[PDB]
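Have a look below at one chain only, the form solved without ligand 72V, in structure tokens format.
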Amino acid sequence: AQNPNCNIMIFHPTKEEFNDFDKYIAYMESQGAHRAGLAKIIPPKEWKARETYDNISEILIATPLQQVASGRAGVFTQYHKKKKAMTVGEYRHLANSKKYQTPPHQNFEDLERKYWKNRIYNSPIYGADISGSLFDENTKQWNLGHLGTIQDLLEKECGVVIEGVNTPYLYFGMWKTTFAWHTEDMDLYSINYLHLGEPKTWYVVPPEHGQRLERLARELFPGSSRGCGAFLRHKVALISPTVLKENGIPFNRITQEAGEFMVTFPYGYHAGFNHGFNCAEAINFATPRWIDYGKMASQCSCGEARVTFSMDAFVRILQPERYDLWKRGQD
């Protein structure tokens, strides 16, 4: 078995190997990359996402989210308070202000220490989940707006044509902006490109150990667990590496820098934080290997998770027994 310790693997495809996206994902899996839940892909030196980032300041962040924490430094939830709209140029200025800027630090490890010590005491503002793309239309390789759609994959594998669309999302971050422990909708893959700015630190649990994370989460968030049998789908809970290590949960960590892709694999729980002002683009995708994960994915039916239009068909076709309850939670 390749990669039996479930380490995060880093890949350096050549420009030739960068042509065929599906083929390269399958290659990474042949080397055991999925066992970690997360892989890094460093693009060939010849490649670029677009020519420059000099003209992005007028993008609108319609609903910036202030991420307010509750709990203790290593075990907390966050809620999202909606703020007034602002442009990316306004948000960048805000991120660089004395109130929100990255503190002085020695290295990524020191900054990580500072994040876990101090995150709860601040409420950073995240420009998340903005439909759109920063890939140039002329970028032919690993262009996250030109991937094969999940609806097409389901149709190719299973023969059933379904409604729905699959488009990318932009994320504008600042110091301490946080993504809570989650797997993707329907335990899909994700791919994330860090277009510009400061790094993003990731934590990940191997898919084969995801249920160990879930059991810890039920212990640590006992009211939330009574409320919902899949409350990590709410995407609000944080658990620090120190707490994970104290509880014997297998995990790994890695820091993504600008110009790098990360791929999350089906049922790979992940969480993390931004180092400072940045912009990422991410999208879900599927492969043939995903189908069995989609059929087994948990679902929130309590009403909290509320998701896209396109998840309906995935539930309806892959999980017909669950469909009626889940749809009630959507309505």
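Basically, rigid core = biggest C-alpha set you can superpose within 1.5 Å across the two forms. Shifts are known only where both forms have a C-alpha. Residue indices: 1-based, along the sequence shown.
Omitted here: the form solved in complex with ligand 72V. The next part is about that form.
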**Request:** Using the pose of ligand 72V in the entry with it bound, placed onto this unliganded form by C-alpha superposition round the site, state open if no ligand atom is within 2.4 Å of a backbone or C-beta atom and blocked if 3 or more are.
**Result:** blocked
**Message:** Taking ligand 72V as it sits in the entry with it bound, is residue 305 in contact with it (heavy atom to heavy atom, 4.5 Å or less)?
**Reply:** yes
**Request:** Please run the contact check for residue 41 against ligand 72V in the entry with it bound: heavy atoms, 4.5 angstroms, yes or no?
**Result:** no
**Prompt:** So in the entry with it bound, does residue 36 come within 4.5 Å of ligand 72V, heavy atom to heavy atom?
**Reply:** no
**Request:** Would you give me the residues of 280-301 that have any heavy atom within 4.5 Å of ligand 72V in the entry with it bound, in order from first to last?
**Result:** 299, 300, 301
**Asked** Given a rigid core superposition, which stretches of at least 3 residues have all Cα atoms displaced by 2 Å or more between this form and the one not shown?
**Response** 324-329
